[PDB]
Amino acid sequence: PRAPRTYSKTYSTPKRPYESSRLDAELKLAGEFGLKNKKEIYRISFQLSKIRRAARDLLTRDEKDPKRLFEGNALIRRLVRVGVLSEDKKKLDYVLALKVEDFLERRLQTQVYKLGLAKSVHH
Amino acid sequence: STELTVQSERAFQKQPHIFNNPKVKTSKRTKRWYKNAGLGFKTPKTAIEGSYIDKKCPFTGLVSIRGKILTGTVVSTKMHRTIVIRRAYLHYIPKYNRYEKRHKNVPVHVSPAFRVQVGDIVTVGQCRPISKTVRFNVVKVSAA
Amino acid sequence: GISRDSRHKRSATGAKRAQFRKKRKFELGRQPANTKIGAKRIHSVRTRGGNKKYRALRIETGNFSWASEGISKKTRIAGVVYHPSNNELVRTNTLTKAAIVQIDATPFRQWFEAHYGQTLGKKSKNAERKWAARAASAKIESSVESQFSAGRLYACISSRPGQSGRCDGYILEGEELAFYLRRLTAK
Amino acid sequence: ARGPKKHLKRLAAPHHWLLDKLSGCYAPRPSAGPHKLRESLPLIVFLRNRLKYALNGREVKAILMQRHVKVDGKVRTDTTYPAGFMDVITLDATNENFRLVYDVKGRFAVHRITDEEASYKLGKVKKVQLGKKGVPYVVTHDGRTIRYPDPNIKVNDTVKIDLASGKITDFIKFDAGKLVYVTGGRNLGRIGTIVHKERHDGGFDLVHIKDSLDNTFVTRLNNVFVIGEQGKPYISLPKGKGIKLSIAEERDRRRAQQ
RNA sequence: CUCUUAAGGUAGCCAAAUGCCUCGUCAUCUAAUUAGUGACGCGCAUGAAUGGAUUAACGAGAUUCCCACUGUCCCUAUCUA
RNA sequence: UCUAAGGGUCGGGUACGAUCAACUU
RNA sequence: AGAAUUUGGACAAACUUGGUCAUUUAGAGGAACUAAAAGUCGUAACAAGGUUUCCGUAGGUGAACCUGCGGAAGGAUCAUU
RNA sequence: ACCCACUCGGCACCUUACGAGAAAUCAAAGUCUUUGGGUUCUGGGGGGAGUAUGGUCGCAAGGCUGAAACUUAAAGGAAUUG
RNA sequence: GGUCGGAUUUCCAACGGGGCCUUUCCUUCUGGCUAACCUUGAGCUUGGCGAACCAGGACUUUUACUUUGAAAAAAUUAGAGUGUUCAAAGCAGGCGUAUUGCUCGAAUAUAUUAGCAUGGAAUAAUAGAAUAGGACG
RNA sequence: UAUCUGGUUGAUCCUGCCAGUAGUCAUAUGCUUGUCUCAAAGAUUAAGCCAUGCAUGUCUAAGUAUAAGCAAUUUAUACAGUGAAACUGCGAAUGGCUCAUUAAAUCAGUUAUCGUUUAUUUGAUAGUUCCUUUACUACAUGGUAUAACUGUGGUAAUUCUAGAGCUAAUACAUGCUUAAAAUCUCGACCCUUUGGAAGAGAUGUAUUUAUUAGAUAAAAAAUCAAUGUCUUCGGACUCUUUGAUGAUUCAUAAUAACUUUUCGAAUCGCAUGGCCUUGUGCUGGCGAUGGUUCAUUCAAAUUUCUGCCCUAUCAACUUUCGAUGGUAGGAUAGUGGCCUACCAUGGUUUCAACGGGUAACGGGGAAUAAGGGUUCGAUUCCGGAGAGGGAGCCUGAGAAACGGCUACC
Ligand SMILES: [Mg+2]
Ligand SMILES: [Mg+2]
Ligand SMILES: [Mg+2]
Ligand SMILES: [Mg+2]
Ligand SMILES: [Mg+2]
Ligand SMILES: [Mg+2]
Ligand SMILES: [Mg+2]
Ligand SMILES: [Mg+2]
Ligand SMILES: [Mg+2]
Ligand SMILES: [Mg+2]
Ligand SMILES: [Mg+2]
Ligand SMILES: [Mg+2]
Ligand SMILES: [Mg+2]
Ligand SMILES: [Mg+2]
Ligand SMILES: [Mg+2]
Ligand SMILES: [Mg+2]
Ligand SMILES: [Mg+2]
Ligand SMILES: [Mg+2]
Ligand SMILES: [Mg+2]
Ligand SMILES: [Mg+2]
Ligand SMILES: [Mg+2]
Ligand SMILES: [Mg+2]
Ligand SMILES: [Mg+2]
Ligand SMILES: [Mg+2]
């Protein structure tokens, strides 16, 4: 008798185990961003997938829907806040087509790299 | 109705605490108590001017109508002062997005103030448990 | 023991329900009093939530009321003469509700002389003043007057001796008396 | 089962207490008292979780056993004494007085009243009935029985209790156009100026209510608490005055100052 | 394949009241069974109105087992006309 | 030692009463 | 006031004997199915498969199968003003 | 009784493919991923198997209803070239 | 843009609501407010027809459907806010001259059917006056 | 993230299944395992069996202490400080565990109690009880036993106990002390017509029975039965008291009695203040505990409507002796075939009754999903059931209670 501790998984494995295209693009991302696993790429795909799940449900609603106005602005605000969403694209329609590695651009090691201080992404 | 030959049981059938004093004489030799069941239902003239006792009557008895008010079609009048109604309804199965016909047989008590035949439509008012299966009392007859 | 529940005997369709909920105390019953006449003996029953109940046995007397005259008296009980439920309760002189019994009819007889004063069956001026005012109302009935000659009255037990411990009733009058007399005189 | 329960698990306590689900297996079960278990503050939640005047349930017992806290002018040493709507809490220290009113979000809000406003309280009459020896009495929403009321007092009205003696000072009749306070339901904590009510013989009355901003809503009669004539009420309303702003308008107000 | 018949015993059934060998072989029934029942069939010498195979009901018909019962018995004793 | 059910014949201006008698359950 | 004891009743565990249902399980013998193995016998079907094939029904025969009656073309004929 | 024109109903027939189909073919087997006129019945890999068993009908032959254990990676349809 | 990317009005429009007339009662009495008052007193005055708000009324065709609303515990699901260093989490927290203290939160949504109130009245049913006890009277 | 691929052929297009593929708050197992946070965990088979040790006890200022206990208060010769034991009052019916039973049963949402019980809490609420009620009487307060304790003991053993001797209550069992006033009955006498009286009794609450009131849309007259408050006996006549519900024989009041009779303080702590004819005189505070009735809260019991998996190789089922309904009664806290006597032949079913199965506790929920669905839910919350299988029962407000008792297996 005590309130259970809520937990959830944060990654999704791809449906097909072996395809040349995905096994290349994902490894290109890991090598160019210095990531240890493929799970660190599945995590971003999972996180982006939930983002486009909510943005599709909002867009299919009527314009000036009180729920869409509150949730659409809040969703854009978070992506604008962390730099994934640019300031010029705040229509809730550029959310659906952002990218996979737009999130990887804002991670600590990439940004630590960008302001010098590493002179290599692995450093 | 047939007035059910009122004094027919082994005990003297009378309304409790309704005393008709024989020392004094006046009109309406037999005092009759009655009431309105409420909720807009009227008291039929048979209940007011009858001679039946029917302690389960909602107008001249000790039971009160409260709770649910239902409507059904009479399918059996073979008991004594109790009938069976059939309440049809449509049950929605969400998988197929459509309905199916269903029914329930409700045994309800009918007062001698009313006359009910098979096929008639009546409204029954909820009362306290009268018998093992009876929970409703006829309050208005809508067909003849 | 005796249970009042309903998960026993079959439903309306005739199906026999399975066993469920070993007998509970809040659905119990007990054994009938089967009250007799004479040598009063009443036992105490402890019911739910305290609430003492009285299981009368062998009751001697009772408080019977004359509805027309609006008086009540304590009178002895002679015996049971009719019972609408079972004829054996008549034969065994069992005291239950709605049972027709005889009563001594003496307290009712003595009160009538004090109140009305004329007679039943067959001194100071403060008395007949009341008697004169209490006149034109000593003509009760011919079916009750004749009983005072025999010294017994047809009463009806309106009380529950096995529940309250009391045997209280009323004297049969008017239509009710005429109904039960036909039952008793039939042969 | 076999008798009354005595423990109240967390995740089963009323949600308006704002008890964190972790940090404890149980919740304070309110004792028998003037108010329902579902709608009850009791002081341990009020003293510790609301006022932060205690760190544990042991310090709450220390405060109460010294006769500091009092409800309706009486000490009420019980740690889980149920304190409900319109109850007045007086603390001798800090010279503070409180009245239990619902926030616009449906929660009991900490409301500080003056000394004079702690000298009375309002109670919604629940039944007007004759007692023994033909003595009429009124039963308020907090279980208070007051003998010999005004003959014009009928059910659903609000009376004013002196809280020094149980006597009634003045009463507000339940008529159209009176300021009301919604107690219970989805519209809990709103103030709305009755426009009309529907009869519905049989039960479950309905009343139509529209607040100052002309937002109309309907609630059951038993959830309505008249608190005076339209405009000035008979008690000090909490901040917000029961407006029920939308979530879109609420965030702009929160964004107004930062 | 061969000799042969008028035709070479078909369907069925069987150690059956019909099988010598025989107390046939296997199973069951029993502590133990030349008894009984169920199977098998190169059947000395079963078999189709010489009627074959079945068959509910019926039988002072033959046989086996089981329950009840008991002087049939262990093992005799006593009483009456 | 009791209880109950199972009948005949007479009776209304143009529902009830009286009387008698069966062994069957 | 009151113990042991005692009458009748109700509730009624439990035991015995049967009955009924269900689930497992032995069984001489009988008769199928499946699979394997270069087993013995023939060649029934696929070509007009060398008697066109197939269906229902009945009988017969080592075995596939054969034959009678009616039917179909999935025929080997879309065809004789 | 024939001839010409029209018409309603019937047995079919010829051409084409708007369309359909895996194809053979089809004026319905069309108006079916642009998926909905109403309704009844039946099927869910091949064997075991229309078998066992239990019912029910029949004088009988048999009819109707109708499994499971087990076994298998294909059986099967229409056309193509030999 | 009459303020410096935020809203007011007299506007050409569109889209959704309400009332009235065109044969169109789409129920009402005892009485209050008499109300919107022919009420007008000199340009703000003494007096119109009751639901626009009410207590009780004979009566009162029945459903299906759809909209809105109250109910559908908490946790969980979706979801807003927020430094658990991130995250899963949790319901925290934040700001001061930090000497005295001040203060935002702990939302919102979904939650079949059944039951309840509600507006609509297309669609689908049901009933009415025919050897007239048919309605107004 | 609304996706498919390999396998029948010499080759082809299909039907079709087999195989692959991804996930699983679905388990188990294998190999391997450096860090922080978080975390299920004898459910599946066996609701099979259990050594051992714990899991229910409890005190204040305010029930009872001569501990032949501890210490000194020193304000104390009755006690008044702390405090073992025991009597008393409460609690032990909560919690925790498990999922065997259970298929309109449980349960979910939704209703009712105008059909009932409710310790505790909160708010109100007994002037009426000297019973021949003028010596019957203690009302500055009335009795008994017993534990703890001393000592004699019995059994191998148990939370076993006996005989003897003490002593307390908020233990048990008795019991009075307070105003009036009004009303209803009896009723002396003058003696009368218009008749009033001295005096006496009754009149709280609780129980039981019977009866009465508990009314109410609108306005005026006729003479009587007799005047009815006061008469200028012409009659002015009004005040005539009447709550709630949709609904009541309701709340409530009244009359007549009944009860073997409930309750109506013989209780405790602290503070000690006022008045005099200064007597242990009369008054006087804040609390605690308890108590009748109602309300309230914590609940309980029953109950309305709709809704549950697979099965016809389950189609008819229920009614001997209860099935469906009526009348009456008994029982119950209450309603009710809950049970009994008499009576009627009723009730459910292809819209699937009834029977069988479930490797079935039901929901809130879980996994996977474009949409639609499929599968699972012993298990952190809600409701139910059980303590090895049955049944029965004491205490209590509440148990068919098992860390309570009784009997059988
Ligand atoms: Mg429990
Ligand atoms: Mg508590
Ligand atoms: Mg060969
Ligand atoms: Mg060959
Ligand atoms: Mg051929
Ligand atoms: Mg074929
Ligand atoms: Mg022609
Ligand atoms: Mg033709
Ligand atoms: Mg398949
Ligand atoms: Mg198949
Ligand atoms: Mg082919
Ligand atoms: Mg093939
Ligand atoms: Mg090949
Ligand atoms: Mg597969
Ligand atoms: Mg299990
Ligand atoms: Mg109390
Ligand atoms: Mg009854
Ligand atoms: Mg009955
Ligand atoms: Mg189970
Ligand atoms: Mg639980
Ligand atoms: Mg139990
Ligand atoms: Mg066990
Ligand atoms: Mg037990
Ligand atoms: Mg245990």
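Some points to look at:
- All conditions but one from (1) outside any helix (DSSP H, G or I); (2) more than 14 Å from chain B (Cβ to nearest Cβ) apply to D:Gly203; the one that does not is (2).
Yes or no, residue by residue, for (1) closer than 16 Å to D:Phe108 by Cα; (2) in the same structural domain as D:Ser236 (by CATH); (3) in a loop (DSSP other than H, G, I, E, B); (4) more than 16 Å from the chain's Cα centre (by Cα):
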position: D:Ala12; (1), (2), (3), (4): no, no, yes, yes
position: D:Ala32; (1), (2), (3), (4): no, no, yes, yes
position: D:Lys36; (1), (2), (3), (4): yes, no, yes, no
position: D:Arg58; (1), (2), (3), (4): no, no, no, yes
position: D:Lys61; (1), (2), (3), (4): no, no, no, yes
position: D:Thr79; (1), (2), (3), (4): no, no, yes, yes
position: D:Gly84; (1), (2), (3), (4): yes, no, yes, no
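- Pair list, Cβ < 9 Å and 6+ apart or interchain, from the stretch C:35-58 residues that are within 13 Å of C:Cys167 (Cα to Cα) to residues that are aromatic (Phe, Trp, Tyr) and in a strand (DSSP E or B): C:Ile42/C:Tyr54
- Restricted to the stretch C:53-72, and to residues there that are hydrophobic (A, V, I, L, M, F, W, C) and crowded, with 17+ Cβ neighbours inside 10 Å, the residue that is farthest from the other protein chains (Cβ to nearest Cβ) is C:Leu57.
- The residues of the stretch C:21-52 that are surrounded by fewer than 10 Cβ atoms within 10 Å (Cβ to Cβ), more than 19 Å from C:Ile77 (Cβ to Cβ) and in contact with an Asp or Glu (Cβ under 8 Å, 6 or more places away or on another chain) amount to a single one, C:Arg21.
- Those strands (runs of 3 or more DSSP E) lying entirely in the stretch C:1-93 with at least 1 residues away from RNA strand F (no atom under 16 Å from the Cβ), of a type in the set (A, V, I, L, M, F, W, C) and within 30 Å of C:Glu141 (Cβ to Cβ): C:61-66, C:71-82
- Filter result (surrounded by 12 or more Cβ atoms within 10 Å (Cβ to Cβ) and either out of contact with any strand residue (DSSP E or B) (no Cβ under 9 Å at 6 or more places or on another chain) or of a type in the set (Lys, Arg) (or both)) within the stretch D:203-214: D:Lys210
- Every condition in (1) within 30 Å of B:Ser64 (Cβ to Cβ); (2) in the same structural domain as D:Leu130 (by CATH) is met by D:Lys167 except one, and the failing one is (1).
- Residues in the stretch A:89-113 that are surrounded by 15 or more Cβ atoms within 10 Å (Cβ to Cβ) and outside any helix (DSSP H, G or I): A:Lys89, A:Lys90, A:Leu92, A:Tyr94, A:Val95, A:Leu98, A:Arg107.
- Test: residue in the stretch D:177-193 that is hydroxyl-bearing (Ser, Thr, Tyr) and closer than 29 Å to D:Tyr137 by Cβ: yes
- Remark: pairs (first residue in the stretch D:231-258, surrounded by 10 or more Cβ atoms within 10 Å (Cβ to Cβ); second residue assigned to a loop (DSSP other than H, G, I, E, B); Cβ separation under 6 Å; 6+ apart in sequence or on different chains) = D:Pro238/D:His111; D:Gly240/D:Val104; D:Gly242/D:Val104; D:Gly242/D:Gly189; D:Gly242/D:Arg190; D:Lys244/D:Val104; D:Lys244/D:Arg190.
- Residue within the stretch C:73-95 that is within 6 Å of RNA strand J (Cβ to nearest atom), more than 14 Å from chain B (Cβ to nearest Cβ) and either acidic (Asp, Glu) or surrounded by fewer than 16 Cβ atoms within 10 Å (Cβ to Cβ) (or both) present: yes
Basis: the model, the stated rules and, where named, an outside source; these are not laboratory values. Ideal geometry is used to build each Cβ from the backbone, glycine not excepted, and the neighbour counts take in all protein chains shown.
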